[PDB]
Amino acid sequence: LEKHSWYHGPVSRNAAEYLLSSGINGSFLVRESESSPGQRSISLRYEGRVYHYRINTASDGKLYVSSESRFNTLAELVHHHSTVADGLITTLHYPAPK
């Protein structure tokens, strides 16, 4: 859903690291693979470092980063992870510039 400020669409692991390079703790983006669109990941800045998390899909189709917290839509998953880290190194707050 490229309408969201945090959804960057087809961007690479390496480009994500450049896009986050001047961010702070909690700067993040969600990205798609540029070869296989459908593999989506979260890249998240924390203390100078960028962490990458594959967004997994469950049997019933729900999206999750942690088994215990699964959502119908990607916006719901991001919104949840803005209030509880729940598996991530920190909470999601500041979209990387596009």
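Numbers for residues come from their place in the sequence shown, where the first is 1. Heads up, when I say rigid core I mean the largest set of C-alphas that superpose within 1.5 Å between the two forms.
Of the two stretches examined, 28-36 and 57-65, the one with higher mean CA deviation in 5 other deposited structures of this protein after a rigid core fit is 28-36. When the other structures are laid on the shown form by the core, the C-alphas of 67-75 and 37-45 differ in how far they drift in 5 other deposited structures of this protein; the larger average drift belongs to 37-45. Taking the mean C-alpha B-factor of each stretch as recorded, 36-44 and 23-31 are not equal, and the higher mean is that of 36-44. For the two regions 75-83 and 11-19, the entry's Cα B-factors average higher over 11-19.
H4: CA B factor in the middle third of modelled residues in this chain (values from the PDB entry).
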